Every structure is written in C-alpha cells, then in structure tokens.
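In the form deposited in one PDB entry, a lone chain appears below as structure tokens.
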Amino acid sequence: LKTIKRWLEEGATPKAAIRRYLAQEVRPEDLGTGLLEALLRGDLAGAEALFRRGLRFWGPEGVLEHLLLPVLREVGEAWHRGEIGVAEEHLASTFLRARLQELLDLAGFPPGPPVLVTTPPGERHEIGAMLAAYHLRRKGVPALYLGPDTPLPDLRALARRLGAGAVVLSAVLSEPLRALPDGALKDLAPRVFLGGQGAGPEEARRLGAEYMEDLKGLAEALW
C-alpha cells in the first residue's frame, strides 16, 4: 500500500497502480520461503507456480540446489524442532518429489548399458538418488532410477541381467550402511558408487564401493 501511494505520487493512475502491484511477481530470494509457505497451507497451485519461477531463474540443476534442497532441509529442521508435524513434511516432500520426477522425465534418456540408481536397503529417503539420476541423465548417462530401498541380491541380479555398467547408491542415513556386512556392495556392478549425507570414504571402502563427494564428479567418473 505504501508502494501504491508512491506510484500515485509519481503521477500514475490508481487503476494502473493497483494492476501493477498485483501483477508483481515474487522476488527470487523470496522463492524459498514462498514455496514453503505455499505448501504448508495446501496451496499446490501457488507452489507449482513458484517452483516454475525458480526453474526459469536458476535453471534445472540450479533450482534443485537453490530451491528444492533448501526447502526440504528447512522442512526437516522444522520437524526436528517440533515446529511442523509429519503430515506437513509429507506434503512438501511428496510435492517436491513430483517436481524432480518431472525434470527427470524431461531430460534425455540415451540408449546403451544403463546405470542403476537407488538407495541401500533400509534407506527410504529417495530424493538424493533422484538427484544422482538427474545429474547423470543431464550429462548423457542412461541413469535408470529404480526408486529407493533395494535389496542387494535383487539389485545385483538386475545389473547382471541388463548388463548395467554401474550402480549408484544414495545414503541419507548412515545406519543402513553400518548395518551392512563388509564388502556387501563389491560385486553389485562393474563399478559401484556410494554417496549421500550418510556416506563417507571409510564406510565405502569397507563395503567395496567407490565414494563420491559431489554429483558433478559422479558424471566425470562415468563418462
């Protein structure tokens, strides 16, 4: 309303002033909060609209790192502090996953020997794996995202049968990795990659997988 008065003082007409203020889009720095606030009140439309802005503004990889991830992290912290309930997190996570799934389907899927992407048994956090899949696809790697929580014998069978060149695992929790016997990941695929918040160099060496710090290097390692 202060801005509107400012525009009126500049010689603008009230009709023009009101229309301009309403037609005003949300500042990029505010996209994170806006997207979070939109989800918490069940405004899926506004949320989808806001994510789309960030996509155009930051780009595909950019909006994940600058919007999708920060919102999820804040959702996690708010829950741990007890500031939001589980249903709220569910709402945001399910949504943000749908967006990531769209981006994934829009990326190319090259032919040739696939790279199986998933999370270790007991890991139900799947978005980190989708990030891995998406970055690989964006770089021309036929990343086949299976979904999360795949038994090692079943994972090994698929990689053999499809002749997969590699397997990539995302560990958000460290407990499922620690619950695995030594060398559990060794013969999953010709190359085995382990990364994620719950992963580290020492634990990967124990399980017989190659540790990857960031997603950028994951692509270079494969190509």
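Note that residue numbering follows the sequence shown and begins at 1.
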So 65 to 73 or 179 to 187, which one's hotter by mean CA B-factor in the entry? 179 to 187
Which wins on mean Cα temperature factor, 199 to 207 or 18 to 26? 18 to 26
Where the record places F109 (Cα B-factor, split into thirds across the chain): highest
Quick tally, chain-level thirds of C-alpha B-factors: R53 sits in the lowest
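There is another form of this protein, the form deposited in another entry, and it is not shown here; the text below is about that form.
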Among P110, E74, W58, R124, which sits at the hinge of the chain's rigid-body turn between the shown form and the other one? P110
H80 to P148, Cα distance in the other entry relative to here: closer or farther, by 3 Å or more? closer
Residue pair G147, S93 - Cα distance in the other entry, closer or farther (3 Å or more): closer
